[PDB]
Every structure is written in C-alpha cells, then in structure tokens.
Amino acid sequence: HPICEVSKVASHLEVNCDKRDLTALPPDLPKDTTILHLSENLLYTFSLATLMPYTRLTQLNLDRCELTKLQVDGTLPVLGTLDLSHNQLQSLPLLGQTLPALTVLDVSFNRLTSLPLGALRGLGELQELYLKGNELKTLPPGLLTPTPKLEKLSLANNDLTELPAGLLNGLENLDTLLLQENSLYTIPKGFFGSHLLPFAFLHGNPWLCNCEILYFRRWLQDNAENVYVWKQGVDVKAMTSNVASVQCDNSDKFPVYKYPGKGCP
C-alpha cells in the first residue's frame, strides 16, 4: 500500500495507518488484513460497513481521532477488538448485532453521560470493557447480564454516585474491577458476592463511613491483598496492592477497612 505500512507476521496481516492525517479509510487495503490501525487520524465520522470487504479483520483501532459519529451497519463477524477511546462520541454504540465476536471494547475518554438499557445485548463473547474517563453518574440494571464472560471492567474516573446491587452477578471470571476516582459513598450489601477478585481499585471515592459501610469493611479485611491503587505517570502505569487507599470521606486520616462502627448492629 502507498499510504499505510503493511507487514505480515505469521498468520497475521497488520496494516498501520497511525497518524497519517487521514480523513477517511484508505482504499485498496490488502484483502487479507487482520489488524488495522487508524489511530490519531482526522476521522470525524466512520462507518463499519465500509470494512465488510475485509472478511479477515479481527482488530480495529479508531482511537484518538475526531469521531463525533459512528455508523453501526452491516456486520464484521470476525472482529473481536475495537478501540474507540479518546473521541467525541456522545453515546455508546449498540454493537451486539454488528460485532458478534467482540471480546474487547474500549470507549474510554469520550462524552458518554449515560449507558442505555440493554446496551450490550448480543455481545456474549465480550471479555474486556473499558469506559474510563467519561461522565457516567449511574449504571442501568442488568448492564452485564449479556456479558457473562467478562474478565476486566473499567468505570474509573466517571462521576458515579452509586452502583446497582446486582451489577457483578454472574461474572464468575472477573479479575480486574477499576472503580477509582468516582463519587461513590457506599457499597450495596452483598455487592461482591463470594467470587474471588484478583484486582479491585476503589480509591478516589467519598466513602461515607457509617453503619451501612460495614459490609464493605468486612469485604476489605478479607480482601486486603486484592485492593489496588492505580498510579499514572510519565511513561509509567503502576498497580500497587494497598487496602488503606480505600478511605472515609476520601481522607487518608481513616481507612474504611479499619472503621469501628461502635453501635452498628
């Protein structure tokens, strides 16, 4: 191709069109393309149907562009990875009927102010879902019923005021839960269930330490080594085990995991 870089690596054909000042999908991309990078281009709009010709596409990156609109047409039956992070989308696209095999979805840092009921219907193979950095205040009930195989979920840095008591039901494979930097003040009783959760980030929240936070506290003590802190820096992204990061009023003056609750039954 005279625009993007093509390089076959074993049974994979990778096409890189990163930062090429592209305003639209380049024509005549190799027919066997399995991985396409369109990140950091000038795409204000995009239509999935235009990719139907590539019956081999499995990964598609449309991150860091100027997307204000995404058309969900036709079907890319073999696509399992879609990165839509860092765009100007005002709503979550409904992909269940157009992207059946999807396993990874990233729509972080967009302009999502809510998530629609039945938003993930049909996405039964979804394993990872990143919605970090948007403006979500609450989540609709049954959001993850359709995605039972979910392994990683991120809702970090939104403006969530509460979580549905049954949010994590059925997710017997969840290993990473990022809920840091929101506006949570209490965890519904029985929220975590009995399932083991390798990584859970809960800091950056206004935990209201009162009788109702007791369920959370007992959970914290039993899971002190699964509660992590996520730190970001210049070229570095760290995960550190530290239960004390979860704190009352969000102040390090008092960890939630060591809250007495004098007279709470």
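One-based numbering along the sequence shown.
**OP:** Output the stretch having the higher mean C-alpha B factor in the entry; the candidates are 205 to 213 and 192 to 200.
**Re:** Averaged over C-alpha atoms, the B-factors run higher in 205 to 213.
Original post:
Once you work out the mean C-alpha B-factor for both 240 to 248 and 17 to 25 from the entry, which is higher?
Top reply: The stretch with the larger average C-alpha B-factor is 17 to 25.
Original post:
Which is it among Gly170, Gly118, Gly74, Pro100: the one with the largest CA B-factor in the entry?
Top reply: So the option with the highest C-alpha B-factor is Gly74.
Original post:
Considering only modelled residues of the same chain, in which third does the CA B-factor of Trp219 rank: lowest, middle or highest?
Top reply: It falls in the middle third of the chain.
Original post:
Once the chain's modelled residues are ordered by C-alpha B factor and cut into thirds, is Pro148 in the lowest, middle or highest one?
Top reply: Its C-alpha B-factor belongs to the middle third of this chain's values.
**OP:** Pull the Cα B-factor of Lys31 out of the PDB entry and bin it into the chain's lowest, middle or highest third.
**Re:** According to the entry, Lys31 has a C-alpha B-factor in the chain's highest third.
Original post:
Based on the entry's values, in what third of the chain does the Cα temperature factor of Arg64 lie: lowest, middle or highest?
Top reply: Ranked within chain, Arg64 CA B lands in the middle tercile.
Original post:
For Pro164, does the deposited CA B-factor place it in the lowest, middle or highest third of the chain?
Top reply: Middle third.
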